[PDB]
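Single chain ahead, by itself, as structure tokens, in the form deposited without ligand NCD.
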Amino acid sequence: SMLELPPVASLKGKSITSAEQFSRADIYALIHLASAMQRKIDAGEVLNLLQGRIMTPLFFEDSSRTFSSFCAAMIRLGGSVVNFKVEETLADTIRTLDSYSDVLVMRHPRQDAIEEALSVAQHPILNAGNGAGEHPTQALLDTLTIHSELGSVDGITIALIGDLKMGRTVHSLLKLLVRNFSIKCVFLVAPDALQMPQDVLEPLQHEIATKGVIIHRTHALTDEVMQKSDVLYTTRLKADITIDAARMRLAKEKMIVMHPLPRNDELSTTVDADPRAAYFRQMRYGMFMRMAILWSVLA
């Protein structure tokens, strides 16, 4: 194609650990790069941008969808993957990975493992999940999905639904959206015990007030949440937060249902055939955003 693939220069050589490290301009640059990669790959073009570069996982907890998304992205850039399964100190493991790798993709059940990893690593680390902390590449792919499906991120009303306390995806997404866009409204839908934590909401208070972002907490998918949301973004944790075909009769015509996956019965299979079910297409947007990120980091 006549499209080019300029890497996002601000990401060069950088570790990706938080949604906080991206500007609005970084995000759009990554969206447009991901979209151009999508067009080339879908036309059958073979990219050889990262020939001879190695990605290695550091997955102290398992996620085949995550791991495989990253490997596929690296491979479609012409890069290669070396496996390193854990089942020795984290520091020694990291130094070992650094001896042969160009980029590390780390997932860890401890939230602070990223900081320790960063202090010894010589190559960029991409955070693929640090306990209940963040999942910054998921936030970026989630935002690509919103943009590609609805045409706009500014002005949206989004429901964040499920285990908001322990959901690292909703943490990164709220941060990324509120910091960089003019979000109209965020419904935070969860049982009181699993509400969105204060250590996510407080740093955002200034931006929320300045931009006039409306935050409403509920413990249920009310008819209001269903009638006003452009995006229903749901996660694993009962009948009052479930999205099924019956509940979808209240939804706008123009909206999407998203879910980072895996799901349980908070997202019924009765929704899967609805055009508005975006949660499978989300994963494909995932591959392309990850391609954009990797190329930008390693260019």
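A residue's number is simply how far along the shown sequence it sits, counting from 1.
What follows is about the form solved in complex with ligand NCD, which we do not show.
Asker: Taking the pose of ligand NCD in the bound PDB entry and superimposing the site C-alphas, would you call this form open or blocked (blocked if 3 or more ligand atoms are within 2.4 Å of a backbone or C-beta atom)?
Answerer: With ligand NCD superposed from its pose in the bound PDB entry, the site reads as open.
Asker: Quick one: is residue 57 in contact with ligand NCD in the bound PDB entry, heavy atoms, 4.5 Å cut-off?
Answerer: Contact with ligand NCD, no.
Asker: With heavy atoms only and a cut-off of 4.5 Å, decide whether residue 135 touches ligand NCD in the bound PDB entry.
Answerer: Yes.
Asker: Indicate whether residue 171 is a 4.5 Å heavy atom neighbour of ligand NCD in the bound PDB entry.
Answerer: Output for residue 171 is no: heavy atoms all beyond 4.5 Å of ligand NCD.
Asker: Within 4.5 Å, heavy atoms only: does residue 261 come near ligand NCD in the bound PDB entry?
Answerer: Taking the distances in the bound PDB entry, the answer for residue 261 is yes, it comes within 4.5 Å of ligand NCD.
Asker: Pick from 202-210, 108-116, 162-170, 223-231: which stretch has non-hydrogen atoms within 4.5 Å of ligand NCD in the bound PDB entry?
Answerer: After filtering at 4.5 Å, what remains is 162-170.
Asker: Residue by residue through 219-250, which ones have a non-hydrogen atom no more than 4.5 angstroms from ligand NCD in the bound PDB entry?
Answerer: Stretch hits: a single one, 236.
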